[PDB]
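Q: This one's a deposited entry, sequence included:
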Amino acid sequence: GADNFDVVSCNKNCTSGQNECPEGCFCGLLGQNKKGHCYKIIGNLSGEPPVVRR
């Protein structure tokens, strides 16, 4: 089910080697760069009605 999951931002800068990302996120780096951003994997649940009252 790899096609069910998307990578999204976890809204934080990070550097490799330092445990800087929140749990459940990863530090995504481009190539040999030491600095990157925190990301996370999510799956969307579809089918929600257009309006929900709580």
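A: Good, I have the coordinates. Residues are numbered from 1 along each chain as shown.

Q: Which secondary structure element is home to the nearest residue to residue 30 once chain neighbours are set aside?
A: Excluding the flanking residues, the one nearest residue 30 by Cβ to Cβ, 6 or more residues apart in numbering is residue 36, at 6.7 Å. Placement of C-beta: from N, CA and C, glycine included. Using DSSP states H and E, residue 36 falls within strand 35-43.

Q: Packing partners of the strand ranked longest in the chain?
A: Assignment by DSSP state E gives strand 5-15 as the longest strand of the chain. Contact partners of strand 5-15 among helices and strands, from 3 or more Cβ pairs under 8 Å, 6 or more residues apart in numbering; DSSP states H and E: strand 26-28, strand 35-43.

Q: strands paired with it, and their directions?
A: Using DSSP bridges, the strands paired with strand 5-15 are strand 35-43 (antiparallel).

Q: in the sheet, who's paired with the most centrally placed residue in the chain?
A: Geometric centre of the chain, nearest residue: residue 40, 1.9 Å, by Cα atoms, centre = their mean. Assessed by DSSP bridges, residue 40 has beta-bridge partners residue 8.

Q: what's the spacing between it and residue 14?
A: From residue 40 across to residue 14, the span is 12 Å (Cβ to Cβ, to the nearest Å).

Q: And for residue 34?
A: The gap separating residue 34 from residue 14 is 10 Å, by Cβ to Cβ.

Q: who has more neighbours, these two?
A: Per other Cβ atoms under 10 Å, whichever of residue 34 and residue 14 has more neighbours is residue 14, with 22 against 10.

Q: OK, contacts around the more buried one?
A: Contact analysis of residue 14 by Cβ atoms under 8 Å, 6 or more residues apart in numbering lists 20-21, 27, 35-38.

Q: Please apply the same query to residue 9.
A: 37-40.

Q: Cool, thanks, talk later.
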